[PDB]
Amino acid sequence: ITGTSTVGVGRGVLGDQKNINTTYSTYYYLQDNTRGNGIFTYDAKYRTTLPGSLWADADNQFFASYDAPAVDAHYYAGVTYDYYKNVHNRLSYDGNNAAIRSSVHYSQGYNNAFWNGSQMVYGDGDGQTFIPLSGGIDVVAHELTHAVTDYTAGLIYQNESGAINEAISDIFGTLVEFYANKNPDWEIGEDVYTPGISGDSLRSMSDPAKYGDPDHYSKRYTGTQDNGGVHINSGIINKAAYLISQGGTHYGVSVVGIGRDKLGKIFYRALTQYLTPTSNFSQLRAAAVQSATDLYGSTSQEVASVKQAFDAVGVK
Ligand SMILES: CCNC(=O)[C@H](CC(C)C)NP(=O)(O)CNC(=O)OCc1ccccc1
Ligand SMILES: [Ca+2]
Ligand SMILES: [Ca+2]
Ligand SMILES: [Ca+2]
Ligand SMILES: [Ca+2]
Ligand SMILES: [Zn+2]
């Protein structure tokens, strides 16, 4: 909408206070004009018609329980935008400052979030498996990263390409979480997963097997559930990415860690310059090796570490 840029204040899903960029025209709307061609957050009002209504508020204060998922979707989309712009020189998900749209309060008791091809969508959870999912910065960045993938590599959402698609979202979700630097870890969704259980998460990148996800190619799922295991086999690539950054010895194979920033550079370059819609794990290895070669040189530690990490997870 046309209006003047304003700054509201509110509380997120976890009860933390934050400022948010809004737009005033009669109402204060969740429309952040400070980033690209805007970040827009919508109310789906417990239904499934999208996007719903652009979030309108009378006083620019967002402290109601109903406001919390909107506050976080809006704010964390901003953080994710900043990560891609500041770290990778990428302007929004399409590289041309496309407007970023999110809807919250999608459906009832909805234990998921997704990119629908045009926008991000967040359930409120059922209060047992999840609380409102936009409360997780890694979750928000995971969803926006699907848009980035779709505009770049275009990894088909099934089987190996789909598992790479998923891992890319977990990897950049985590790198965004570290970028914001509030309780960062290599776990996925811990802030909004199972409020009755402390210390767990939806997935782990550092040890995918803690939740039964594979950490080696020999343990890959080959069935048909979950689009051929896209949220399962992602563990193999998540583990490789974790090893590249942090190092470790895994099934007897030692990896020299090179840090998060270099992991991000290598995977961003792979995603945007080398991967294609049908890339498999072996092709991802080749893309990461080539990307590290471009950035750091063929004889570099970075290239050696990429090879070690894929060796460790059984991907040749
Ligand atoms: C429970 C499994 N879900 C996830 O892993 C994350 C949310 C996590 C990070 C909390 N959500 P996601 O991977 O974006 C869900 N994917 C998904 O719904 O894709 C199917 C689809 C495909 C095309 C259009 C719309 C939906
Ligand atoms: Ca208000
Ligand atoms: Ca965390
Ligand atoms: Ca996390
Ligand atoms: Ca939990
Ligand atoms: Zn995903």
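Following Swiss-Prot, chain A residues are numbered 233-548, in order.
According to its header, this structure was worked out by X-ray crystallography, 1.4 Å.
For all residues, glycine too, the Cβ spot is worked out from N, Cα and C.
What Swiss-Prot lists as Ca(2+) 1 binding site is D289, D291, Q293. Residues or ranges marked as Ca(2+) 2 binding site in Swiss-Prot: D370, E409, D417, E419, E422. Residues annotated as Zn(2+) binding site in Swiss-Prot: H374, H378, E398. Annotation source Swiss-Prot lists active site at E375. If you look up Swiss-Prot, you'll see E409, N415, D417, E422 marked as Ca(2+) 3 binding site. The annotation Ca(2+) 4 binding site is assigned in Swiss-Prot to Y425, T426, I429, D432. Annotation comment: Swiss-Prot describes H463 as active site, proton donor, evidence class experimental evidence.
Location within the structure of each feature annotated in Swiss-Prot.
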residue	record	contacts (Cβ under 8 Å, 6+ apart)
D289	Ca(2+) 1 binding site	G240, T254, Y259, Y260, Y261, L262, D299
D291	Ca(2+) 1 binding site	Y260
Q293	Ca(2+) 1 binding site	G240, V241, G242
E375	active site	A345, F346, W347, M352, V353, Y354, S401
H378	Zn(2+) binding site	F346, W347, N397, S401
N415	Ca(2+) 3 binding site	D423
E422	Ca(2+) 2 binding site	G368, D370, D432, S433, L434
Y425	Ca(2+) 4 binding site	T361, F362, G368, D432, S433, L434
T426	Ca(2+) 4 binding site	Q360, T361, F362, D432
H463	active site, proton donor	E398, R435
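Listed in sequence order, the recorded positions among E398, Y425, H463 whose CB lies under 6 angstroms from an atom of ligand 4 come out as none at all. In sequence order, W347, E375, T377, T381, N397, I400, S401, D402, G405 are the residues of the same chain, not among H374, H378, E398, whose CB sits within 8 A of the CB centroid for the Zn(2+) site. Within 8 Å of the Cβ centroid of the Ca(2+) 2 site, not counting the listed residues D370, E409, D417, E419, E422, the chain contributes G368, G405, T406, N415, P416, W418, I420, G421, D423, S433. Same-chain residues that are not part of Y425, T426, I429, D432 yet have a Cβ within 8 Å of the Cβ center of the Ca(2+) 4 site turn out to be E422, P427, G428, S430, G431, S433, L434.
For ligand 6, the binding-site residues lying close by, meaning a CB under 6 A from one of its atoms, are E398; the full candidate list was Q293, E398, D417, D432. Here the CA atom of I429 (Ca(2+) 4 binding site) lies 17 Å from the CA atom of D417 (Ca(2+) 2 binding site). Ranking the binding-site residues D370, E398, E419, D432 by other CB atoms within 10 A of the CB puts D432 at the bottom. The number of other Cβ atoms within 10 Å of the Cβ belonging to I429 (Ca(2+) 4 binding site), over all protein chains shown, comes to 9. Neighbouring residues of the recorded Ca(2+) 1 site, listed in sequence order and excluding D289, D291, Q293, comprise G240, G242, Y260, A290, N292, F294 (Cβ within 8 Å of the Cβ centroid). If you count neighbouring Cβ atoms within 10 Å for each of the binding-site residues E409, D417, the highest count belongs to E409.
Residues within less than 8 Å, Cβ to Cβ, of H374 (Zn(2+) binding site) and separated from it by at least 6 positions along the same chain comprise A345, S401, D402, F404, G405, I420. Take the mean position of the Cβ atoms of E409, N415, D417, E422, the recorded Ca(2+) 3 site; other residues of that chain with a Cβ within 8 Å of it are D370, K414, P416, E419, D423. Rounded to a whole value, the Cα-Cα separation of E409 (Ca(2+) 2 binding site) and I429 (Ca(2+) 4 binding site) is 21 Å. Secondary structure from DSSP puts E419 (Ca(2+) 2 binding site) in a beta strand.
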